[PDB]
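Student: Contents of data18.txt (compact mmCIF, C-alpha atoms) are given next:
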# COMPACT_ATOMS: atom_id res chain seq x y z
CA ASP F 3 -11.46 164.36 233.47
CA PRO F 4 -8.10 162.87 232.58
CA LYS F 5 -6.53 166.33 232.17
CA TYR F 6 -9.42 168.84 231.67
CA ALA F 7 -8.61 171.40 234.37
CA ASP F 8 -5.06 170.06 234.40
CA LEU F 9 -4.11 170.70 230.79
CA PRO F 10 -6.50 172.80 228.64
CA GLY F 11 -4.56 172.21 225.40
CA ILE F 12 -5.43 168.68 224.25
CA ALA F 13 -7.68 167.82 221.28
CA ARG F 14 -11.27 166.59 221.50
CA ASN F 15 -14.48 166.80 219.41
CA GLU F 16 -12.41 166.04 216.31
CA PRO F 17 -13.81 164.04 213.44
CA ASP F 18 -10.39 163.79 211.68
CA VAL F 19 -11.52 160.93 209.50
CA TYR F 20 -12.66 162.50 206.25
CA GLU F 21 -16.01 160.87 205.38
CA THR F 22 -18.00 160.42 202.17
CA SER F 23 -21.44 159.06 201.30
CA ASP F 24 -22.41 155.59 200.09
CA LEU F 25 -22.70 156.38 196.40
CA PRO F 26 -21.22 153.48 194.40
CA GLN F 37 -12.41 141.11 176.64
CA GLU F 38 -14.06 138.16 174.92
CA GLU F 39 -14.39 139.45 171.39
CA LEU F 40 -14.62 135.93 169.95
CA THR F 41 -16.37 137.42 166.93
CA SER F 42 -13.07 137.16 165.15
CA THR F 43 -11.62 133.95 163.77
CA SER F 44 -8.07 134.67 164.91
CA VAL F 45 -6.67 132.00 167.30
CA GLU F 46 -7.99 129.07 169.31
CA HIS F 47 -7.53 128.08 172.92
CA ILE F 48 -7.80 124.71 174.59
CA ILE F 49 -9.97 123.99 177.63
CA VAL F 50 -7.43 123.09 180.29
CA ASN F 51 -7.62 119.65 181.80
CA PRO F 52 -4.17 118.92 183.16
CA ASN F 53 -5.06 115.31 183.66
CA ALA F 54 -6.30 114.92 180.07
CA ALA F 55 -3.05 116.28 178.69
CA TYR F 56 -1.30 114.25 181.37
CA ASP F 57 -2.84 111.16 179.87
CA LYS F 58 -1.99 112.52 176.46
CA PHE F 59 1.71 112.72 177.32
CA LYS F 60 1.34 109.70 179.53
CA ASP F 61 4.24 107.31 179.08
CA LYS F 62 6.48 108.75 176.39
CA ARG F 63 9.71 106.93 177.22
CA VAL F 64 11.88 109.52 175.53
CA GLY F 65 15.56 108.63 175.69
CA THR F 66 18.36 111.23 175.55
CA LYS F 67 21.22 109.24 173.96
CA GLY F 68 24.02 111.73 173.31
CA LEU F 69 21.89 114.75 174.19
CA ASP F 70 24.17 117.23 172.47
CA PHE F 71 22.94 120.43 170.85
CA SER F 72 26.11 122.50 170.81
CA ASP F 73 27.22 124.51 167.81
CA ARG F 74 29.89 121.88 167.30
CA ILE F 75 31.00 120.95 163.78
CA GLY F 76 32.24 117.40 163.62
CA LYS F 77 29.50 115.12 162.29
CA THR F 78 26.30 115.32 160.24
CA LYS F 79 23.51 116.53 162.56
CA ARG F 80 22.58 116.36 166.23
CA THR F 81 19.11 115.48 167.53
CA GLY F 82 18.81 114.30 171.12
CA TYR F 83 15.76 112.96 172.97
CA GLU F 84 15.55 110.00 170.63
CA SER F 85 15.30 106.63 172.41
CA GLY F 86 11.81 105.18 172.82
CA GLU F 87 10.36 102.04 174.40
CA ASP X 189 24.00 135.31 154.51
CA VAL X 190 27.24 134.35 156.17
CA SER X 191 27.45 137.93 157.34
CA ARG X 192 23.86 137.74 158.48
CA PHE X 193 24.82 134.49 160.13
CA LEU X 194 27.66 136.34 161.76
CA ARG X 195 25.13 138.89 162.96
CA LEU X 196 23.17 135.95 164.27
CA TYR X 197 26.23 134.88 166.25
CA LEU X 198 26.48 138.45 167.46
CA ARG X 199 22.97 138.39 168.86
CA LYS X 200 23.75 134.90 170.19
CA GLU X 201 26.31 136.58 172.38
CA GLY X 202 24.32 139.77 172.70
CA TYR X 203 24.90 142.04 169.71
CA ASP X 204 21.78 142.90 167.73
CA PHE X 205 21.98 144.66 164.40
CA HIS X 206 19.32 145.47 161.89
CA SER X 207 20.08 148.43 159.69
CA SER X 208 21.33 148.34 156.16
CA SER X 209 24.35 150.45 157.00
CA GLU X 210 24.71 148.40 160.16
CA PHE X 211 24.70 145.25 158.06
CA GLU X 212 27.32 146.77 155.77
CA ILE X 213 29.53 147.45 158.74
CA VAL X 214 29.09 143.81 159.65
CA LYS X 215 30.11 142.99 156.08
CA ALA X 216 33.27 144.98 156.60
CA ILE X 217 33.87 143.07 159.82
CA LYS X 218 33.39 139.73 158.09
CA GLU X 219 35.50 140.43 155.02
CA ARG X 220 38.01 142.16 157.28
CA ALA X 221 38.17 139.43 159.91
CA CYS X 222 37.61 135.83 158.73
CA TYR X 223 39.75 132.74 158.15
CA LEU X 224 39.45 128.95 158.09
CA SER X 225 40.87 126.76 160.84
CA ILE X 226 41.89 123.60 158.95
CA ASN X 227 40.97 121.23 161.76
CA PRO X 228 37.36 122.03 162.87
CA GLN X 229 36.83 119.64 165.77
CA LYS X 230 40.47 119.73 166.84
CA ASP X 231 40.80 123.49 166.79
CA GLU X 232 37.43 123.72 168.52
CA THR X 233 38.77 121.65 171.40
CA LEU X 234 41.58 124.15 171.70
CA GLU X 235 41.17 127.67 173.07
CA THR X 236 40.74 130.76 170.87
CA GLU X 237 41.90 134.36 171.24
CA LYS X 238 38.71 136.42 170.88
CA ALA X 239 40.80 139.47 170.09
CA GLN X 240 38.65 142.54 169.87
CA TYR X 241 38.43 144.97 167.04
CA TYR X 242 36.69 148.21 167.80
CA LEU X 243 33.62 149.94 166.42
CA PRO X 244 33.62 153.56 165.17
CA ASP X 245 32.87 154.35 168.78
CA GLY X 246 35.28 151.63 169.79
CA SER X 247 33.42 148.65 171.18
CA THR X 248 34.16 144.95 171.68
CA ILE X 249 34.53 142.89 168.54
CA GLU X 250 35.85 139.50 169.60
CA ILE X 251 37.20 136.85 167.25
CA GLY X 252 34.95 134.16 168.69
CA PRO X 253 34.25 130.79 167.11
CA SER X 254 32.66 132.85 164.37
CA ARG X 255 35.29 134.00 161.85
CA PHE X 256 36.31 130.47 160.98
CA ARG X 257 33.36 128.35 162.03
CA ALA X 258 30.87 130.49 160.13
CA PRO X 259 32.65 130.29 156.70
CA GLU X 260 32.81 126.50 157.01
CA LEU X 261 29.03 126.56 156.49
CA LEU X 262 29.91 127.11 152.85
CA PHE X 263 31.23 123.57 152.97
CA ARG X 264 28.64 122.12 155.38
CA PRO X 265 25.60 123.93 153.95
CA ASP X 266 23.12 121.77 155.75
CA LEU X 267 23.81 123.72 158.93
CA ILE X 268 21.91 126.61 157.43
CA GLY X 269 19.05 124.22 156.90
CA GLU X 270 19.49 123.48 153.24
CA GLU X 271 20.55 120.27 151.53
CA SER X 272 23.38 121.19 149.17
CA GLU X 273 26.80 119.80 148.30
CA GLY X 274 29.68 122.14 148.96
CA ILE X 275 32.06 123.50 146.28
CA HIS X 276 34.31 120.50 146.59
CA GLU X 277 31.55 117.97 145.86
CA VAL X 278 30.14 120.31 143.26
CA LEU X 279 33.39 120.42 141.36
CA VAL X 280 33.78 116.67 141.80
CA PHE X 281 30.38 116.17 140.21
CA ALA X 282 31.52 118.50 137.45
CA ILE X 283 34.51 116.22 136.97
CA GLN X 284 32.09 113.34 136.75
CA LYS X 285 30.19 115.44 134.23
CA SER X 286 33.34 115.40 132.11
CA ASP X 287 34.95 112.58 130.13
CA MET X 288 37.57 110.07 131.30
CA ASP X 289 39.62 110.82 128.21
CA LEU X 290 39.95 114.42 129.48
CA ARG X 291 39.70 114.22 133.30
CA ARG X 292 43.48 114.01 133.77
CA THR X 293 43.84 117.40 132.17
CA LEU X 294 40.90 118.46 134.26
CA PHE X 295 42.83 117.44 137.35
CA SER X 296 45.44 119.80 136.15
CA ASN X 297 42.72 122.25 135.03
CA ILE X 298 41.96 124.05 138.29
CA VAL X 299 40.87 127.55 137.31
CA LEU X 300 39.80 129.09 140.55
CA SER X 301 38.35 132.55 141.04
CA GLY X 302 35.79 134.38 143.11
CA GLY X 303 36.53 137.37 145.27
CA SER X 304 34.72 136.10 148.34
CA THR X 305 37.18 133.17 148.34
CA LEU X 306 40.02 135.43 149.50
CA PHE X 307 40.35 134.26 153.05
CA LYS X 308 42.86 132.43 155.17
CA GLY X 309 42.88 128.66 155.44
CA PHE X 310 41.08 128.55 152.11
CA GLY X 311 43.11 127.27 149.18
CA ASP X 312 45.42 124.75 150.81
CA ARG X 313 42.72 123.40 153.10
CA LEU X 314 40.50 123.04 150.08
CA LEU X 315 43.34 121.14 148.47
CA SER X 316 43.24 118.80 151.42
CA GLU X 317 39.53 118.44 150.71
CA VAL X 318 40.44 117.49 147.16
CA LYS X 319 42.95 114.98 148.52
CA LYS X 320 40.14 113.39 150.43
CA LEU X 321 37.97 113.48 147.32
CA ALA X 322 40.11 113.09 144.24
CA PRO X 323 41.97 109.79 143.74
CA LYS X 324 45.69 109.30 143.31
CA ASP X 325 47.87 111.32 140.90
CA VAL X 326 46.20 114.75 140.80
CA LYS X 327 48.11 117.93 140.00
CA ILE X 328 47.32 121.16 141.81
CA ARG X 329 47.36 124.01 139.32
CA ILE X 330 45.23 126.72 140.90
CA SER X 331 44.59 130.09 139.34
CA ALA X 332 44.60 132.28 142.37
CA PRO X 333 45.67 135.96 142.35
CA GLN X 334 43.37 138.16 144.40
CA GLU X 335 42.59 140.22 141.31
CA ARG X 336 40.52 137.57 139.60
CA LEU X 337 37.55 139.92 139.85
CA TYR X 338 39.44 142.58 138.03
CA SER X 339 40.79 139.87 135.75
CA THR X 340 37.30 139.37 134.41
CA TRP X 341 37.10 143.07 133.63
CA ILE X 342 40.57 142.93 132.13
CA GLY X 343 39.73 139.86 130.05
CA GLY X 344 36.68 141.66 128.76
CA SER X 345 38.79 144.72 128.04
CA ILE X 346 41.20 142.77 125.89
CA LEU X 347 38.19 140.94 124.46
CA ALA X 348 36.75 144.27 123.45
CA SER X 349 40.05 145.18 121.84
CA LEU X 350 39.60 142.64 119.03
CA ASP X 351 38.97 142.19 115.35
CA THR X 352 36.23 139.53 115.23
CA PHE X 353 34.66 141.29 118.21
CA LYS X 354 32.59 143.33 115.76
CA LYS X 355 30.77 140.24 114.65
CA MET X 356 30.77 139.01 118.23
CA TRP X 357 28.55 141.83 119.43
CA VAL X 358 24.92 142.59 118.68
CA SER X 359 24.10 145.42 116.34
CA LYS X 360 21.59 148.03 117.38
CA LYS X 361 19.69 147.57 114.16
CA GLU X 362 19.37 143.91 115.08
CA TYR X 363 17.39 145.00 118.10
CA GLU X 364 15.40 147.28 115.81
CA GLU X 365 14.53 144.24 113.74
CA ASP X 366 13.93 141.49 116.29
CA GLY X 367 16.56 141.54 119.01
CA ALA X 368 15.52 138.91 121.60
CA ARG X 369 15.93 135.64 119.74
CA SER X 370 18.91 137.05 117.88
CA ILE X 371 20.42 138.04 121.20
CA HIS X 372 20.09 134.48 122.41
CA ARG X 373 21.52 133.28 119.12
CA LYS X 374 24.59 135.51 119.22
CA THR X 375 25.32 134.73 122.87
CA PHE X 376 25.18 131.02 121.99
I need this file expressed as structure tokens, please.
Tutor:
Amino acid sequence: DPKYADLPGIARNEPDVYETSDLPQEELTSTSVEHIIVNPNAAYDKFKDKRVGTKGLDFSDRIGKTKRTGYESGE
Amino acid sequence: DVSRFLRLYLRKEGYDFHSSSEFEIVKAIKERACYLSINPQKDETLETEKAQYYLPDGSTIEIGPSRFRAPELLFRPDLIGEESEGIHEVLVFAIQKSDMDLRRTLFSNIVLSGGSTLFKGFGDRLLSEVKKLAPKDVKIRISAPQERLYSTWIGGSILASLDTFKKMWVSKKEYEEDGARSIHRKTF
């Protein structure tokens, strides 16, 4: 009796939850495009020590020479 | 393709266009606003204006690097991704195709034409190109009114108004007989 005789206007006997009952791609047939089985370390060893050098790494839309192709120095 | 290249520049700075009419409007923009800054690198180092023309609705049309850098591709054709030579080298090769006992006259013989050619920084800068190409003692004698297009039509009009012109054409009965080979024979 927290407030039974005290206050007769407070809720009880209420099942306000509203229940229910327990009642519970890879079309590779085509020949469209391949994939590669990821192995980050394999590709890491693939691109292992490419000493690419960026001498004059310029790719602007400048017009003053013949052509521009950076990422060119090697070992 | 220079206009399409201009459209490419437009998308490069956010202006996509794809329709035929749209492309024609771009053509009007190009042929309306284009020139040739004589010193490419030098003028590039300097600052532009990017003055804006307005669309039928009235939107931003800046000058950009475009209206002078894009027509230079006609002289540096490799930038489009195609090994070519550029009008200057082409004509130089044509001079080499000629004979030394005539080339002096050919230096004087500079019959220029072409309606697309009508832009600023064109003739005189091209003469500077010639200066870099042609050797000493060359005389500039350039045919250059803007009505060279019409001049072809006019030349054909006067050509039509001739005496020997009758024999110059191809008769209809000649087509009725053979036509083809005779057409190649009369045109050569």
Student: For segment 246-259 of chain X, find every residue with an atom within 6 Å (counting only C-alpha atoms), except residues of its own chain fewer than 3 positions away, and show them as a PyMOL selection string.
Tutor: chain X and resi 222-225+238-243+262
Student: Which of these residues is nearest to residue 339 of chain X, using all atoms listed in the file: X:195, X:300, X:325, X:280?
Tutor: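 The closest residue to residue 339 of chain X is X:300.
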Student: Which is closest to chain F among X:289, X:189, X:235, X:260, if we use only C-alpha atoms?
Tutor: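 That would be X:260, the residue with the smallest distance to chain F.
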Student: Return the neighbours of chain X among the residues of chain F, cut-off 9 Å, counting all atoms listed in the file, as a PyMOL selection string.
Tutor: chain F and resi 74-76+78-79
Student: Which residues, protein or nucleic acid, reach to within 12 Å of (46.0, 119.2, 149.1) in the file's coordinates when using all atoms listed in the file, and can you give that as a list in words?
Tutor: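 It turns out the residues near that spot are residues 226, 309, 310, 311, 312, 313, 314, 315, 316, 317, 318, 319, 320, 321, 322, 323, 324, 325, 326, 327, 328, 329 and 330 of chain X.
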Student: Kindly indicate which residue among X:370, X:286, X:207, X:304 lies nearest to residue 336 of chain X, using all atoms listed in the file for the distances.
Tutor: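 Of the candidates, the smallest distance to residue 336 of chain X is held by X:304.
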Student: With distances taken over all atoms listed in the file, which of F:69, F:64, F:9, F:48 is nearest to residue 87 of chain F?
Tutor: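 Once distances to residue 87 of chain F are computed over all atoms listed in the file, the minimum belongs to F:64.
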Student: So the first atom is atom CA of residue 39 of chain F and the second is atom CA of residue 53 of chain F; what is the distance between them in Å, to one decimal place?
Tutor: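 These atoms are spaced 28.6 Å apart.
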Student: Hey, could you patch up segment 13-49 of chain F with N, CA and C atoms and hand it over as a CSV table (one decimal), in the frame of the given file?
Tutor:
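To be explicit, this is the file written out as out-v4.csv:
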chain,number,residue,atom,x,y,z
F,13,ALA,N,-6.6,168.1,222.2
F,13,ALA,CA,-7.7,167.8,221.3
F,13,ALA,C,-8.8,167.0,221.8
F,14,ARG,N,-10.0,167.2,221.2
F,14,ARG,CA,-11.3,166.6,221.5
F,14,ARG,C,-12.2,167.1,220.5
F,15,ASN,N,-13.4,166.5,220.3
F,15,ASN,CA,-14.5,166.8,219.4
F,15,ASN,C,-14.0,166.8,218.0
F,16,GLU,N,-13.0,166.0,217.6
F,16,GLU,CA,-12.4,166.0,216.3
F,16,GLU,C,-12.8,164.9,215.4
F,17,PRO,N,-13.5,165.1,214.4
F,17,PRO,CA,-13.8,164.0,213.4
F,17,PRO,C,-12.7,164.1,212.3
F,18,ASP,N,-11.5,163.7,212.6
F,18,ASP,CA,-10.4,163.8,211.7
F,18,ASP,C,-10.5,162.8,210.6
F,19,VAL,N,-11.4,161.8,210.6
F,19,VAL,CA,-11.5,160.9,209.5
F,19,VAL,C,-12.3,161.8,208.5
F,20,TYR,N,-12.0,161.6,207.2
F,20,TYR,CA,-12.7,162.5,206.2
F,20,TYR,C,-13.6,161.7,205.4
F,21,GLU,N,-14.9,161.6,205.9
F,21,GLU,CA,-16.0,160.9,205.4
F,21,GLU,C,-16.4,161.1,203.9
F,22,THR,N,-17.4,160.3,203.5
F,22,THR,CA,-18.0,160.4,202.2
F,22,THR,C,-19.4,160.0,202.4
F,23,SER,N,-20.1,159.6,201.3
F,23,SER,CA,-21.4,159.1,201.3
F,23,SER,C,-21.5,157.8,200.4
F,24,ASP,N,-22.3,156.9,200.8
F,24,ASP,CA,-22.4,155.6,200.1
F,24,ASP,C,-23.1,155.9,198.7
F,25,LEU,N,-22.2,156.1,197.7
F,25,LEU,CA,-22.7,156.4,196.4
F,25,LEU,C,-21.8,155.6,195.4
F,26,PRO,N,-22.1,154.3,195.3
F,26,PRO,CA,-21.2,153.5,194.4
F,26,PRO,C,-21.6,153.7,192.9
F,37,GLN,N,-11.7,141.8,175.6
F,37,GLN,CA,-12.4,141.1,176.6
F,37,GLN,C,-12.6,139.7,176.1
F,38,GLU,N,-13.7,139.5,175.5
F,38,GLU,CA,-14.1,138.2,174.9
F,38,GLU,C,-14.7,138.3,173.6
F,39,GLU,N,-14.0,139.1,172.8
F,39,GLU,CA,-14.4,139.4,171.4
F,39,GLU,C,-14.1,138.3,170.5
F,40,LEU,N,-14.8,137.2,170.7
F,40,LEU,CA,-14.6,135.9,170.0
F,40,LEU,C,-15.3,136.0,168.6
F,41,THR,N,-15.8,137.2,168.2
F,41,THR,CA,-16.4,137.4,166.9
F,41,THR,C,-15.4,137.2,165.8
F,42,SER,N,-14.1,137.4,166.1
F,42,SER,CA,-13.1,137.2,165.2
F,42,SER,C,-12.9,135.7,165.0
F,43,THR,N,-12.0,135.3,164.1
F,43,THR,CA,-11.6,134.0,163.8
F,43,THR,C,-10.1,133.9,163.8
F,44,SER,N,-9.5,134.5,164.8
F,44,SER,CA,-8.1,134.7,164.9
F,44,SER,C,-7.3,133.5,165.4
F,45,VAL,N,-7.5,133.1,166.7
F,45,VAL,CA,-6.7,132.0,167.3
F,45,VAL,C,-7.5,131.2,168.3
F,46,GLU,N,-7.3,129.9,168.4
F,46,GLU,CA,-8.0,129.1,169.3
F,46,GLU,C,-7.3,129.0,170.7
F,47,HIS,N,-8.0,128.4,171.6
F,47,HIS,CA,-7.5,128.1,172.9
F,47,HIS,C,-7.9,126.6,173.2
F,48,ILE,N,-7.4,126.1,174.2
F,48,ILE,CA,-7.8,124.7,174.6
F,48,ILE,C,-8.3,124.7,176.0
F,49,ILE,N,-9.4,124.1,176.3
F,49,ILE,CA,-10.0,124.0,177.6
F,49,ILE,C,-9.0,123.1,178.5
